[PDB]
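Asks: Read top to bottom, the protein sequences are chains A, B, C, D, E, F and G. Numbered by full-length UniProt numbering, the letters in the first sequence go through residues 94 to 188 in order. Numbered by full-length UniProt numbering, the letters in the second sequence go through residues 2 to 108 in order. Numbered by full-length UniProt numbering, the letters in the third sequence go through residues 32 to 128 in order. Numbered by full-length UniProt numbering, the letters in the fourth sequence go through residues 51 to 198 in order. Numbered by full-length UniProt numbering, the letters in the fifth sequence go through residues 10 to 149 in order. Numbered by full-length UniProt numbering, the letters in the sixth sequence go through residues 41 to 206 in order. Numbered by full-length UniProt numbering, the letters in the seventh sequence go through residues 105 to 294 in order. Don't be surprised by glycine CBs; every beta carbon is placed ideally from N, CA and C.
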Amino acid sequence: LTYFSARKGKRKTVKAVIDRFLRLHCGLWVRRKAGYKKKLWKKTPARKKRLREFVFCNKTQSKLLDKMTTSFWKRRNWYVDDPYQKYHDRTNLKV
Amino acid sequence: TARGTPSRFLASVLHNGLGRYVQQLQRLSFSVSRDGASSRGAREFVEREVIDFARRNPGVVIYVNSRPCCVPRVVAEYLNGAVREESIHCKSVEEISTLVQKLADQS
Amino acid sequence: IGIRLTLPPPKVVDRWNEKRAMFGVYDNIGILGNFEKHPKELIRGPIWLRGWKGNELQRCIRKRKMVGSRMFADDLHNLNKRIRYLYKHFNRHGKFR
Amino acid sequence: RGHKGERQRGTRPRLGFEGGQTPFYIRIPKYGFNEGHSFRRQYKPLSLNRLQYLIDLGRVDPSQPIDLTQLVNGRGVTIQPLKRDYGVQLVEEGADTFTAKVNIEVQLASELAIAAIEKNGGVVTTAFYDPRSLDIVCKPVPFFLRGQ
Amino acid sequence: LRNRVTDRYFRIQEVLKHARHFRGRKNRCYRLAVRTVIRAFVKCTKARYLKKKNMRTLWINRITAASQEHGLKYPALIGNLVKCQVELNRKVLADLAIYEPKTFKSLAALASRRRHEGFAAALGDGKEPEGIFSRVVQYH
Amino acid sequence: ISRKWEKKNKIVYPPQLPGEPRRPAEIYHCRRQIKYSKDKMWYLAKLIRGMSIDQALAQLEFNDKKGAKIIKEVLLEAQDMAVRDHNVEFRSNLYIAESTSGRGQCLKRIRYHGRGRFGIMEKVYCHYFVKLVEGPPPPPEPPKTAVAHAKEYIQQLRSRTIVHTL
Amino acid sequence: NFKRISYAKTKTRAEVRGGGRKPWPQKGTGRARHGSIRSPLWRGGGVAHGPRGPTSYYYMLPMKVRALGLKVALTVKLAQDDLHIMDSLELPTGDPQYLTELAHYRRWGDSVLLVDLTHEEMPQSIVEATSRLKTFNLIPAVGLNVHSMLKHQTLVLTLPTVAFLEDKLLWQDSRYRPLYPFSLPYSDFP
RNA sequence: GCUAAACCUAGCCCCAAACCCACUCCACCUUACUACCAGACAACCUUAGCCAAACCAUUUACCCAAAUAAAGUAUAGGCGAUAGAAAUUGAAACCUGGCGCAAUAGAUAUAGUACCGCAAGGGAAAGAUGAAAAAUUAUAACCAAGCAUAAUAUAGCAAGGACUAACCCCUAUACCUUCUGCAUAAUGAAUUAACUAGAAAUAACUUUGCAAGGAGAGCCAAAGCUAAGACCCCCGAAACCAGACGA
RNA sequence: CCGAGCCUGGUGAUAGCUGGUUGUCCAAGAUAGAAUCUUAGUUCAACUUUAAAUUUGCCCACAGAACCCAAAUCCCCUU
RNA sequence: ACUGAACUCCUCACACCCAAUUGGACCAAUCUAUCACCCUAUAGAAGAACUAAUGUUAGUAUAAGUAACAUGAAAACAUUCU
RNA sequence: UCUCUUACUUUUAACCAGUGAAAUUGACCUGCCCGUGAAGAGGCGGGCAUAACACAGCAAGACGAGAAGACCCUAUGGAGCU
Ligand SMILES: [Mg+2]
Ligand SMILES: [Mg+2]
Ligand SMILES: [Mg+2]
Ligand SMILES: [Mg+2]
Ligand SMILES: [Mg+2]
Ligand SMILES: [Mg+2]
Ligand SMILES: [Mg+2]
Ligand SMILES: [Mg+2]
Ligand SMILES: [Mg+2]
Ligand SMILES: [Mg+2]
Ligand SMILES: [Mg+2]
Ligand SMILES: [Mg+2]
Ligand SMILES: [Mg+2]
Ligand SMILES: [Mg+2]
Ligand SMILES: [Mg+2]
Ligand SMILES: [Mg+2]
Ligand SMILES: [Mg+2]
Ligand SMILES: [Mg+2]
Ligand SMILES: [Mg+2]
Ligand SMILES: [Mg+2]
Ligand SMILES: [Mg+2]
Ligand SMILES: [Mg+2]
Ligand SMILES: [Mg+2]
Ligand SMILES: [Mg+2]
Ligand SMILES: [Mg+2]
Ligand SMILES: [Mg+2]
Ligand SMILES: [Mg+2]
Ligand SMILES: [Mg+2]
Ligand SMILES: [Mg+2]
Ligand SMILES: [Mg+2]
Ligand SMILES: [Mg+2]
Ligand SMILES: [Mg+2]
Ligand SMILES: [Mg+2]
Ligand SMILES: [Mg+2]
Ligand SMILES: [Mg+2]
Ligand SMILES: [Mg+2]
Ligand SMILES: [Mg+2]
Ligand SMILES: [Mg+2]
Ligand SMILES: [Mg+2]
Ligand SMILES: [Mg+2]
Ligand SMILES: [Mg+2]
Ligand SMILES: [Mg+2]
Ligand SMILES: [Mg+2]
Ligand SMILES: [Mg+2]
Ligand SMILES: [Mg+2]
Ligand SMILES: [Mg+2]
Ligand SMILES: [Mg+2]
Ligand SMILES: [Mg+2]
Ligand SMILES: [Mg+2]
Ligand SMILES: [Mg+2]
Ligand SMILES: [Mg+2]
Ligand SMILES: [Mg+2]
Ligand SMILES: [Mg+2]
Ligand SMILES: [Mg+2]
Ligand SMILES: [Mg+2]
Ligand SMILES: [Mg+2]
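1. Could you list which residues in chain C have their beta carbon closer than 9 Å to that of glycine 60(D), in chain order?
2. Drop a sphere of 10 angstroms on the beta-carbon of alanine 118(E), count the other beta-carbons inside from all chains shown, and report buried for 16 or more, exposed for fewer.
3. Give me the chain C residues within the contact set of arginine 17(E), using Cβ-Cβ distance strictly less than 9 Å, ordered along the chain.
4. From the DSSP secondary-structure annotation, give me the bridge partner or partners of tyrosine 79(B).
5. Between the segment 58–67 of chain B and the segment 15–30 of chain B, can you find at least three pairs of beta-carbon atoms closer than 8 Å?
6. Suppose the cutoff is 7 Å on Cβ atoms and the five residues either side in sequence are ignored; what does the same chain contact list for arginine 93(C) look like?
7. Assuming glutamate 168(D) is part of the alpha helix (DSSP H), what are its boundary residues?
8. Output the distance between the C-alpha atoms of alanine 150(D) and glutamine 139(D), rounded to the nearest integer angstrom.
9. Taking the beta carbon of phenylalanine 148(D) as the centre, do at least 16 other beta carbons fall within 10 Å, making it buried, or is it exposed?
10. Name the chain D residues whose beta carbon is nearer than 8 Å to that of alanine 109(A)?
11. Considering only DSSP beta bridges, list what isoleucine 150(F) is partnered with.
12. Alpha carbons only, please: which of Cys53(E), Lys52(E), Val51(E), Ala28(E) is nearest the one belonging to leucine 41(E)?
13. Looking at the secondary structure, which residues open and close the beta strand (DSSP E) in which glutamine 139(D) lies?
14. Within 10 Å of its beta-carbon, does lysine 111(E) have 16 or more other beta-carbons around it, so buried, or fewer, so exposed?
15. In three-state DSSP terms, what is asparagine 170(A)?
16. Tell me whether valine 101(B) is buried or exposed, calling it buried when 16 or more other Cβ atoms sit within 10 Å of its Cβ.
17. Which residues in the same chain have their Cβ closer than 8 Å to the Cβ of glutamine 228(G), if we skip the five residues on either side of it in sequence?
18. Short check: CB of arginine 123(E) to CB of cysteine 93(E), under 7 Å?
19. Please name the residue in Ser160(G), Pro289(G), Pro282(G), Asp292(G) whose C-alpha comes closest to that of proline 166(G).
20. Closer than 6 Å: is that where the CB of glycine 124(G) sits relative to any heavy atom of ligand 6?
Below, the structure is given as structure tokens:
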């Protein structure tokens with residue numbers, strides 16, 4: 094996506110995925126489930142909880158997001174009071 | 002291709018097999034170079050195993066030119082006068098040995 | 032026909048002349064010259080590339096940004112057209128998307 | 051390139067297009083994950099394990115007051131001020147095997163690290179810096195090459 | 010131009026060399042020759058099996074003819090020879106029939122006698138002394 | 041271009057021995073850039089080839105074509121050259137060995153067709169070549185006789201042999 | 105390669121003069137369809153995939169890698185005995201005759217490279233002989249390089265140059281990580 | 001044997017440096033290149049559109065004043081495609097070279113000539129001796145397609161297996177492309193010679209180097225970092241818009 | 001050659017449509033479907049390919065898999 | 001009972017029959033660095049390879065020596081005649 | 001015009017001589033019947049035919065030359081008009 098710019102000759106990120114998603118340094122991605130703020134009256138509690146809970150993404154679209162994003166979004170970041178520091182690293186993963 | 006290429010019937014020179022056998026390869030003429038990476042095979046050949054080759058085959062005669070050459074050649078002359086020029090350009094030692102041996106075998 | 036009947040004249044190549052014997056000298060100057068000069072400023076060439084690597088459109092945008100103001104009108108027109116074609120090609124056309 | 055069509059004609063669509071179908075990132079809603087990331091405050095970690103390692107190697111002397119400038123001169127931690135890291139925070143890990151007695155200056159500090167340093171007899175002091183202040187601190191020489 | 014091929018002459022004249030003897034504009038031109046020379050080579054390959062088969066059929070015809078000249082037919086002759094344990098392939102059989110018809114007459118008489126032994130056996134399989142020439146050798 | 045035909049005469053054979061066959065004097069001659077079609081004058085050339093110069097030039101004189109006169113003046117010039125500076129005793133003791141035609145360096149013009157289309161006219165120039173040889177003309181080979189057919193057939197039947205075996 | 109810069113440029117169908125309009129129509133005539141003159145197919149046309157202007161083939165290897173290259177080059181020289189050391193560049197005669205004579209006597213080789221510490225201390229005799237000659241080249245310690253020492257069949261060093269090279273290369277091997285480039289001052293590095 | 005074939009120069013391209021141009025004999029804005037008379041005649045205006053968004057209608061980089069970095073971040077946006085900074089930092093030389101072409105190449109150029117067009121405008125091709133031509137000497141002879149030298153012989157994609165023998169015998173449904181599937185009576189191709197069409201990023205893999213560090217500021221990192229390698233074509237519309245040219 | 005002229009320029013306009021796509025040799029290799037102003041296309045899946053870490057993969061032997069109203073199949077330790 | 005294959009056996013050697021796609025080993029010619037010197041080697045680079053685009057240019061063939069074209073008559077070449 | 005055509009003349013035409021084009025052309029040594037076959041065969045299978053080579057006529061076929069079908073469909077191609 095815009096593999097070369099006219100002003101600097103570099104790749105360019107789509108801010109859509111920035112607004113929608115989040116990346117962890119492991120390479121994984123997380124997202125808010127669709128349909129979580131619409132038509133809640135007819136949805137049963139279990140369903141709306143499935144919608145409230147975050148979810149990961151399979152590797153195809155993970156690669157899609159990684160390709161369209163730049164390395165600035167893939168770097169390591171040391172934030173304060175970040176609930177995702179527990180998860181920016183991976184533990185007990187073989188093959 | 003057969004029809005485009007000539008043809009012949011089998012025939013041995015002078016019926017060599019009946020009486021005493023004679024190597025139909027008369028003469029060899031090596032043309033090698035001091036320098037040139039292509040001529041290293043021939044240079045090491047004449048270093049090591051031309052001596053024992055001549056000892057094994059006294060009937061054949063060998064001449065070596067050892068002059069400036071981009072491609073080393075070997076010429077073979079037979080009793081009929083048939084000539085066979087072969088390029089040993091950048092070629093392995095054992096393969097050169099096999100080649101010269103089959104040329105000695107060839108009529 | 033493409034072949035030539037007669038040989039060409041022999042190319043004389045004096046493998047020992049000024050620059051062939053002097054070649055490469057003063058390239059580690061930065062390393063064993065207490066870092067007074069880097070080899071990028073040492074080379075002779077255009078101003079839009081002195082120690083820079085880049086593909087076609089990168090070079091084009093760089094040379095219009097740097098030396099574009101000094102450029103002739105026809106050259107700058109052809110160059111703008113070139114960057115336009117290259118932008119749309121690299122970004123819209125090809126495999127791998 | 052294939053036989054025929056956009057594949058070898060070179061006219062395949064942009065990345066993330068599913069033939070008019072609403073793309074994945076388009077159908078997925080927006081949520082406030084990464085907002086003000088360019089304004090969120092950052093600090094690089096530092097472990098007491100690494101600090102003891104550097105003290106043992108002797109690149110930074112505990113006899114003198116340790117500062118982030120001495121850390122950056124010892125290459126204990128890299129700094130990227132224009133990447134909006136306002137300094138360095140200590141880490142609980144490494145409280146054991148620690149006998150530095152250091153008069154450490156820091157930006158952020160863990161209570162356990164503070165307790166360990168105070169047990170070993172050292173001193174901990176926090177000090178806030180600006181972005182450009184931190185730049186000229188972690189790289190003093192380039193700032194002095196200007197004359198300001 | 011920075012890189013241009015110069016040996017086109019040679020790399021096409023090799024094809025024309027292989028196609029020299031053809032007829033018409035094929036021998037002269039190249040694109041008319043390439044489509045034909047590769048065809049000739051594929052036919053040279055596929056002609057080997059046909060050579061094998063044709064020469065086999067020719068030996069068959071010759072042997073059948075010589076047998077009928079002696080009054081025998083090829084299937085019976087071959088069956089009797091195999092029964093009598095003589096594996097003479099059709100090439101040498103035809104060559105023998107040509108260059109020494111006396112030995113071929115002997116072979117045909119042998120085959121006929123073996124047919125007669127086989128007919129006696131068809132009459133009585135066992136309960137009889139086996140044919141002298143139908144007798145077999147056992148290897149171990 | 042090429043003009044080897046004129047050089048063909050410049051050669052000089054070495055002296056011949058007393059006790060050897062007298063060599064027959066041969067010469068070449070040609071004319072260049074005639075306004076006529078080679079396809080047309082080739083007929084004249086192969087008519088005159090294989091006979092005596094006199095009979096040839098007679099046929100040409102009485103042939104109602106344009107190339108015939110040119111050919112006959114060429115032959116007369118060749119005859120005169122041969123007698124004057126080629127050591128030819130008898131001017132009439134000549135016969136043609138090789139008479140041929142060839143294309144020349146032509147010119148290209150325009151003819152106009154209808155509806156604005158145009159065609160190209162190719163003005164034709166032709167070179168003419170002849171080789172003369174002294175001595176009587178060689179006789180034409182008569183048709184092979186029935187006995188010749190028969191002996192060829194029987195020698196073929198005798199040359200055939202067995203195939204695909206010893 | 106790194107200092108190389110190309111200069112080839114070829115004109116494309118847009119850069120070649122003319123060729124804007126369509127020469128003949130699409131459907132009327134029996135000729136093939138063509139959009140303009142100066143396409144790559146036509147004579148006088150442009151190049152489709154050609155050398156696109158003055159290119160750059162610049163790229164920098166790591167300082168440590170370059171140091172190791174120099175180290176191993178003069179190492180293999182020392183090993184193959186085409187290396188030689190002397191106290192200084194001094195000779196009374198100072199002529200190419202004596203220089204080539206000494207070379208042929210000591211069995212150095214056809215091509216020789218001389219190394220000196222700085223650019224100013226080369227005596228008149230040596231500088232004049234080397235300027236008159238071409239195969240016996242001279243360089244300061246700064247200009248030393250694998251390319252020249254490989255091209256020259258022999259290499260010649262002086263003790264100050266040896267000390268200089270040892271210092272620099274061992275400093276590279278024991279080097280400390282950079283924070284700001286070494287062009288600027290440091291506590292220990294001059 | 002002719003037709004032909006072969007050449008190496010002219011010159012040109014890319015950079016760098018340096019700022020550059022005009023008879024001053026006559027004539028040339030009336031119908032230009034025409035020696036000589038009463039007019040009141042004067043310019044300062046957003047570019048748009050193709051295309052992309054797989055439609056299209058908001059929108060879609062094209063510069064206007066330091067190279068690198070920050071940064072493709074802050075931001076904007078049918079929050080979609082896509083567009084996109086700044087503060088701040090801060091570069092080190094003379095120009096006379098070419099891993100640029102050598103007559104289908106390279107400037108279109110032997111020339112903006114011939115030629116075509118009312119006009120704007122479009123726009124070419126080629127040449128080759130030798131030290132001396134006040135030496136036309138002179139095998140340089142040998143090579144593309146095309147012919148003649150030298151027509152023809154039952155029957156067959158023109159060949160192969162072969163054969164004593166060229167043929168006669170057995171075998172064998174031209175090529176490419178497209179297509180479920182072509183000898184197919186589906187396309188393309190007269191033939192020779194020359195020109196003519198896969199350019200690229202992260203992210204991975206291989207090879208080196210160093211290593212809790214790597215990199216010759218800036219960036220990355222829970223064995224990573226730096227360098228190299230290799231990876232993504234050509235021809236073609238009807239159309240649209242702006243400005244000139246034409247009764 | 002006016003359903004609206006010709007010339008120049010944007011302009012190498014675009015084209016999911018047609019054609020073409022240049023040296024040699026070896027190997028593996030046609031594969032369920034969904035969505036799409038989508039059905040001459042594309043994205044994912046599936047299949048195919050390459051390099052690596054690990055171990056079970058395939059065939060399958062008894063038992064086992066519904067009331068309503070057949071050939072076979074799923075699962076499956078052994079071999 | 002026989003005939004009957006690229007099946008199988010038989011002597012020798014074996015990487016040497018699939019579209020799209022993908023993975024590998026070699027390499028023509030060129031410049032460059034370095035060698036070599038009757039034309040080659042090791043490395044890098046690229047305007048790096050054409051039996052086909054109603055492909056462009058030039059030449060030459062088939063159709064074809066075909067279609068098509070032309071000069072009123074006589075004579076002294078002065079004239080005369082239709 | 002026709003029943004129902006004929007005869008004559010000029011051109012045309014054919015022959016001799018001069019000059020000398022185009023569209024087309026994969027290579028061709030270019031037969032018929034039946035059958036098959038991408039469903040209509042000069043090229044395939046089975047039969048038949050068969051000294052070679054021109055000139056002049058015919059138009060049955062070569063799905064003949066010609067013009068990238070205008071009819072119909074498709075294109076998230078156009079354009080005019082309302
Ligand atoms: Mg195609
Ligand atoms: Mg497709
Ligand atoms: Mg498109
Ligand atoms: Mg020829
Ligand atoms: Mg068999
Ligand atoms: Mg243009
Ligand atoms: Mg236009
Ligand atoms: Mg166009
Ligand atoms: Mg050009
Ligand atoms: Mg618009
Ligand atoms: Mg700034
Ligand atoms: Mg030109
Ligand atoms: Mg030109
Ligand atoms: Mg036949
Ligand atoms: Mg195709
Ligand atoms: Mg079909
Ligand atoms: Mg298919
Ligand atoms: Mg078929
Ligand atoms: Mg057909
Ligand atoms: Mg046909
Ligand atoms: Mg058709
Ligand atoms: Mg079609
Ligand atoms: Mg060609
Ligand atoms: Mg590439
Ligand atoms: Mg529009
Ligand atoms: Mg009027
Ligand atoms: Mg129009
Ligand atoms: Mg008009
Ligand atoms: Mg296009
Ligand atoms: Mg395979
Ligand atoms: Mg389509
Ligand atoms: Mg199981
Ligand atoms: Mg087998
Ligand atoms: Mg095998
Ligand atoms: Mg395939
Ligand atoms: Mg080679
Ligand atoms: Mg090319
Ligand atoms: Mg072609
Ligand atoms: Mg046509
Ligand atoms: Mg056609
Ligand atoms: Mg005709
Ligand atoms: Mg006529
Ligand atoms: Mg008339
Ligand atoms: Mg009548
Ligand atoms: Mg007629
Ligand atoms: Mg005529
Ligand atoms: Mg023509
Ligand atoms: Mg039929
Ligand atoms: Mg048939
Ligand atoms: Mg038949
Ligand atoms: Mg018809
Ligand atoms: Mg038709
Ligand atoms: Mg059509
Ligand atoms: Mg559609
Ligand atoms: Mg539309
Ligand atoms: Mg439109």
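Replies: A quick look at the data gives this:
1. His120, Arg123, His124, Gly125, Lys126
2. exposed
3. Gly33, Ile34
4. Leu26(B)
5. yes
6. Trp79, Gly85
7. 161–170
8. 17 Å
9. buried
10. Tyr75, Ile76
11. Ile160(F)
12. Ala28(E)
13. 135–141
14. exposed
15. coil
16. buried
17. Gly198
18. yes
19. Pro282(G)
20. yes
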